[PDB]
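Provided below as C-alpha cells are two forms of one protein chain, presented individually as structure 1 and structure 2.
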Structure 1
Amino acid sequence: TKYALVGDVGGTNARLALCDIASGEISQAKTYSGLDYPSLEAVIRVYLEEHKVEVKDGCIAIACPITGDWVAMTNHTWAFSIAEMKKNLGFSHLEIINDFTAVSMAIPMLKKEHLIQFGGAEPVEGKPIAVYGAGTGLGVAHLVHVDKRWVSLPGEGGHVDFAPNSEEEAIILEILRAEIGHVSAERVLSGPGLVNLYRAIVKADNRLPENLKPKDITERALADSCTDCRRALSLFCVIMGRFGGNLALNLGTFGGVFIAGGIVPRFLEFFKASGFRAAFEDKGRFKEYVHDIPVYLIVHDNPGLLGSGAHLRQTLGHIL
C-alpha cells in the first residue's frame, strides 16, 4: 500500500496525517482537539473514514513516556494499550514513540530553510547529533548514523544536575535547593523553569516574588516593563547555551546541536541577541572544541509527523 498513518499528539491536540511509504512525504494533515473525543483510536477512526484510504501501518508520537503497552498521557485523560488499539484498528504495525524521538528522527529529512543557525561552522557528516528543547519539560535525545541507518538514543537527560557557572547562577541553585531537593536542569530550562528563574531572582533581592506564569515572563521581558522578567529571560538563554555546550562536549556532536521548538520561538528576536552562543562556547580550554559546532533551531512546522514517518519507514526496511 502507498500510505501509512502518521501522528503527533501533544496534550490537547492530536495531529494525524498520511505518509507515503516510498518517499516519506507527509500529506493530508488534520488536527483534532483531544477534548472532543474520548480516545485516540476514536480520532484515528474518524480520520481514516474521511480520507477513504486503506492503511495497515502507523506511527504516532506522544509527548509522554512510552514504555509498556499502557500509554498514559501527562495530564490529558487519554490512556490506552498499544495492543488493544492495534487489534481494534486491524493494523500490521503500530509504532508508538516519544515525541522527542520523532523530532530527532526528522533531522535527516530537514532542509536548510527549516533551520536557523546560531554560530558555528558547517556540520560534519556521519558525526553524532544532539537534540534538546525547553517546553513543558526538558527533552533531550541523540542521533547517530550507523551502516546507512539512523538510530535514536533516548534518555532522561533533562534531569541531570543543574550546573551553574557564574555567580548569579550559583545563587539561583542555592535558592532552589532550599525549596526543592535535587535541582535538575529541567527546573531552569522549561516553561516552569522560567518562573523558577524569576522567583529565585526576586528572592535574591530579599523580596517576595509576584505570581505570574511563563507567558507573563516572556512578554513583560520583551516589553521592558519588568526588569526581573528580562533578567530571567536573559539568564534562561545563557543557561540554554551552557547546557547545549555540555551536550556537544559529551558526545562529540559535530553533526550539530538542534533546538526543538518549545518556548524559544516565542522570543526568537530576544534569543537571537542573547549570550546563548557565548555561554555555549564558555568551556575553558575546550572553547575551540565546540567553537565550530553549529547550533540550529528547527522551524519546520511538523517535525513530529515527519520524524514519525522516518522512524516507521526505517522500521519497515527503508533507508533514509
Structure 2
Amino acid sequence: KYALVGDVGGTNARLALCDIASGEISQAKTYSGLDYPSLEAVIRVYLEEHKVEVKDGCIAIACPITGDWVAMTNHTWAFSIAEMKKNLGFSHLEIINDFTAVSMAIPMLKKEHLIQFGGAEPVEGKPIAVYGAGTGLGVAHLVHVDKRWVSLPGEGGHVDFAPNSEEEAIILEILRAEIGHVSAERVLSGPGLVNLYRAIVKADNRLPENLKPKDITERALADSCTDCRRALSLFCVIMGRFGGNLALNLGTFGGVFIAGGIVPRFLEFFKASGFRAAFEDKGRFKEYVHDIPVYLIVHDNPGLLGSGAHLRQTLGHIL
C-alpha cells in the first residue's frame, strides 16, 4: 500500500510515505544529517515512528549516481546501494539523482503548481528540460517514449559558464583567477549568488563583505546596496541564458522547467527581471525558442513526488 520516498540534500534528509495506488505523498518529515551517522539509520527511525511496514523504496540524493557506491560531495555519508537494500530487507530500492526525481514529478503536477514565464504552449511528445539553482545547479531532461516517461540524468550544472556580455565576461575573469575552471554552478546557485556579489565588488577594486546568500537578496530587494542589486539582476539574466541553451540543445518544445530553489524567495523581482529576454537572446535562433514555455515549479516537494512516480513506473504503473 505504502512505499518509502526520500529527498536527501547535504545536511537535510526528508522522508515520506507514498500511496502505491495513487502516488499521493503523506507523512513528510525532515531530519538533520548531522544528528545521524548514516542514511540507513535515518530510515530505521522513520519506519518505526510511523508504524508502517514498507518493502519498496526510492530515495533521491543530490550527487552523481553512477554505480553501486554513492559518496556525497557535500555530506560525509557514503554507502552501497545493494547492501542497504539487503540490510533494510527491501524488495526494490531505487537510488536516483535529485533532479532525476524532480524531472519525474512533472507528469504529476497540476496547473496550480506552475507559474509561466513567457512562451506559448508545450508541444506534446517533445522533450522537456529541468534545472534549478539551489545548493548547486541540477539539470535533467525528460522524454516520453510510447507509454513510459524516461528521465535523462546528468551533471549539466558543471558545464563551462558561457558569458555573453562584457559584464558577464568580467565575472569569468575574476572567478577564473581563483579556481581555474568556472562552471555554471559557480554563478547559478546559492553560493553562486555570493560569487556574483564578490566579483562585482572585486572588479571595483574593493573587498567584499562576508555576505550569505539570503543577505544578498534582502539587500537587493531593499535597494540598500547596489553591489547586491547588480548581483541579483545578473543572476536572473544568467538564469535565462542557461535555460535557453538547454532548450536549443535538446529541442525541448515540451517546455523548460525551473525547480524552485532560491528563486521563489525573490519571486516578484524575478518576474520583473530580464530573465525572459536573456532566454531568447540567441541570434538567428530567437524565433526557435520564442514560443517554448518556461515554468517555475512552486510545488513544495517535487523531489518526494517524483521519487514516488519513478518507483511506481518502475513497479509497472502507468503515469
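The first residue in the sequence of structure 1 is number 1, and each one after it adds one. In this text, the rigid core denotes the largest set of C-alpha atoms whose superposition between the two forms falls within 1.5 Å.
Rigid core aligned, does the Cα position of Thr227 differ by 2 Å or more between the two structures?
Moves: no, less than 2 Å.
After the core is matched up, is the C-alpha of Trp78 off by 2 Å or more between the two structures?
Yes.
Rounded to whole °, what is the turn of the smaller rigid part against the larger between the two structures?
Domain rotation angle comes out at 11 degrees.
Can you give the CA shift of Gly275 between the two structures, in Å, with the two forms fit on their core?
Residue shift at the C-alpha: 0.3 Å.
What is the Cα shift of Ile44 between the two structures once the core is superposed, in angstrom?
Its alpha carbon moves by 3.8 Å.
So with the rigid core superposed, the C-alpha of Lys111 shifts by how many Å between the two structures?
For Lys111, the C-alpha ends up 1.1 Å from its position in the other form.
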